[PDB]
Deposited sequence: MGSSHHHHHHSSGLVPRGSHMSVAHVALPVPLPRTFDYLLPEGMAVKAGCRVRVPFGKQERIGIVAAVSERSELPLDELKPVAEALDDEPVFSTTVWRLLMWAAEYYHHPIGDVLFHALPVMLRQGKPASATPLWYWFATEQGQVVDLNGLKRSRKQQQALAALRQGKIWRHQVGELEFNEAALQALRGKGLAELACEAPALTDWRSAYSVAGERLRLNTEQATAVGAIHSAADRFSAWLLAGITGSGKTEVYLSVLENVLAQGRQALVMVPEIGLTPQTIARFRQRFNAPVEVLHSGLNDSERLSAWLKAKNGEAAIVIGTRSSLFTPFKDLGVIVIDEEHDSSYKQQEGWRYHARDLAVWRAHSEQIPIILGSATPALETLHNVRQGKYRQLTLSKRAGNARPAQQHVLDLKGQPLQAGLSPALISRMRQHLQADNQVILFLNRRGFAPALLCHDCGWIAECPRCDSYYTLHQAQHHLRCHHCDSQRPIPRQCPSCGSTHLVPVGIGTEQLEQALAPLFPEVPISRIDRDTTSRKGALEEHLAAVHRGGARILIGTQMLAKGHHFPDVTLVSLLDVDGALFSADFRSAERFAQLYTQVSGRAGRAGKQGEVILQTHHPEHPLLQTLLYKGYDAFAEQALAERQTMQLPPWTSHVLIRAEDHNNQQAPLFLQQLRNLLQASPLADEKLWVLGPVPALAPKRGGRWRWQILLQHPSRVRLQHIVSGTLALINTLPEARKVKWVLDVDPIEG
């Protein structure tokens, strides 16, 4: 008989072999019910052949075959298989992550009638306090008066079906089945909204994409906000939609502004399906089949929407391609942008990466000749060198602050991220604590009695006096969630303070990250970036870029939305070249410079990076386990000169809570060479018996 290698939803980097009951034909990509020691669990058959590696007598059989045809097209299958090894995640978790939950649970991949609880119209007219002390029946009807509740979703909510049942008894609610709907849109597909009123460059862009709309093509569409990136998306979609092919457009988690959705639903008289994290499992399933069956012209979604099955997909476009939201950071740590062009190239399709602030790596491939580029077309910097600081603010700015709160306006003050790792700086002369081993910046660690370089793990006592000018007023950098509110309120009394990370009125809102493109602040007239020092002297080589991204966003947003609001910058080094080139020459010029020196130090995107992080409860066991794997990695047959593994080094968040976090960084000029290096070294991880008593994670191409 034949050997069924089936992948299982367990964190084990390998398939499991079983036998077919002869007469059973399951191609790879089908779900099979299969015994797994003590449980009965589902698996995708990764491959069926006629040669195993263990006694065929021991090998249990497969219980049942749940799919006649694979639930993956060959393109998305190949794509998942490649990503499983490039990212080094257990193939079973990768394959399952890519399916609707109901398909991970072995239910049939066909349409099923959806049952919903709805409020009767007495249920929407009877006074809600009429049953005020009826426990949850009340809050159940509350939720009902905002929309239909699915039966199986009730379990996730605070109330139970008992309440809904008691309501149905009292005539307030009722259950029913929303029968599906068939739609043939390809016949009689027009466009509402308007006819296009494009200008010259948008026209040229649509032409360039159209003249290649069939072969693989990667287009970076670069244009600042309001230059009509979306427009040329909808013209591109139109052309692709005329053929009868389908379109997939991806946005950030917080990029689903009903503004953007309502615009798409108007332009086409074809079905659009939009996937936001708030849909239940039945809505996610049916959308999966509607897309695959062709009954859906357009799918709009986020990171996960990349794995959507398409009868005939014609184009895929991702907005705000620079957004970090496209890199999952729990579990399987894939990057939807990179996997997107892979799915685009393997489908022979145009991919459109639209951005107002393009990622440095995509700019790097544009230059390298792998994407083509399609283009569309006050302030004050305040030197803090010596000025007395009032809770971290500069006098020349606090006075320019009150003048803005004077007219009952609002103000955003932007700091570095929560948990930023701080440098050391001389308040008077600008000298920064550098490492005596590499020309890297030292990370200060006040409670630990020492400095510590994150690139070479050196240590030095905290120097009490500046070794270039001699001021005793040596300060850290970055303020973040240190409750600037506490030091701030005494100076701005009766003025409230809040945060904008997840009406009118004069106030100060601190910020730690970039704003959402569909998230404006109407009452804000003043924005100041206090994060320039932390950005420019960080242990994170990407801090500058993220800053320069935030700067060009808040400079164009507040600067020319229609009011003349001001941006102020607070650096101990206004003379800095990268800082100035950004300020007076724009993001693209800064980018070209930042790219050109990422190369001199040999970091992404010129090199490839891989972070292995492990944490423990004693600070002694995780590091040395990494030190062993470090030594084993270097002993790989494919190691040569270019591979470097710095570490082990404590993570930039040393002890989040009680556990202690250490990490090891691998880098190499060749992405797949390094993929082969760790891929081989990973099959022999059982050599180190401690790899199963630390919590270890593997992060390919990290964002940090």
query: Gaps in the model, given as deposited-sequence positions counted from residue 1; finding: 1 to 20, 398 to 406, 532 to 548, 751
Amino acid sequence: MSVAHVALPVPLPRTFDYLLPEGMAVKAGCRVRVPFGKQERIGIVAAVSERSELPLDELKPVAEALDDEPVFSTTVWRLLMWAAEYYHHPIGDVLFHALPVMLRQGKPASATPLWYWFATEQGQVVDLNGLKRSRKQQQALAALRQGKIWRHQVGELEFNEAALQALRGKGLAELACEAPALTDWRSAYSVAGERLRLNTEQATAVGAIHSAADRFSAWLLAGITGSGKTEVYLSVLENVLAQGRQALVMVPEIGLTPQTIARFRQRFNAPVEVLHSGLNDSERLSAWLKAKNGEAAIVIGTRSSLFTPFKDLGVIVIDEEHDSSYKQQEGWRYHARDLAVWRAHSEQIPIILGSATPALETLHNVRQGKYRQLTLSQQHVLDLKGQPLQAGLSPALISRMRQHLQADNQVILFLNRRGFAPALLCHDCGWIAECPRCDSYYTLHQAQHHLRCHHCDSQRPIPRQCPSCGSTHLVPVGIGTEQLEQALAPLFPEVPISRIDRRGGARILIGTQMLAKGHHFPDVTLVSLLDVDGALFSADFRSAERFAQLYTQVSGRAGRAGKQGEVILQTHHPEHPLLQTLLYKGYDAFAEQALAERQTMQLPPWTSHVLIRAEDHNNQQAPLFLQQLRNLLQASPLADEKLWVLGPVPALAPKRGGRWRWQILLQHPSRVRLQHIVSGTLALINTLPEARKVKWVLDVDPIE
From here on, numbers count along this sequence of modelled residues.
{"item": "166 to 174 or 556 to 564, whichever carries the higher mean Cα B-factor", "value": "556 to 564"}
{"item": "Residue stretch of maximal mean CA temperature factor, 69 to 77 vs 483 to 491", "value": "483 to 491"}
{"item": "Which of 335, 449, 292, 542 ranks first by CA B-factor in the deposited coordinates", "value": "449"}
{"item": "Residue of maximum C-alpha B factor among 343, 630, 519, 148, per deposited coordinates", "value": "519"}
{"item": "Residue 692 CA temperature factor, ranked by third within the chain", "value": "highest"}
{"item": "Within-chain third of residue 682 by Cα B-factor, per the entry", "value": "middle"}
{"item": "Assigned third (lowest, middle, highest) for the C-alpha B factor of residue 31", "value": "middle"}
{"item": "Third of the chain's Cα B-factor distribution that residue 99 belongs to, per the entry", "value": "lowest"}
{"item": "Cα B factor band for residue 399 (lowest, middle or highest third within the chain)", "value": "highest"}
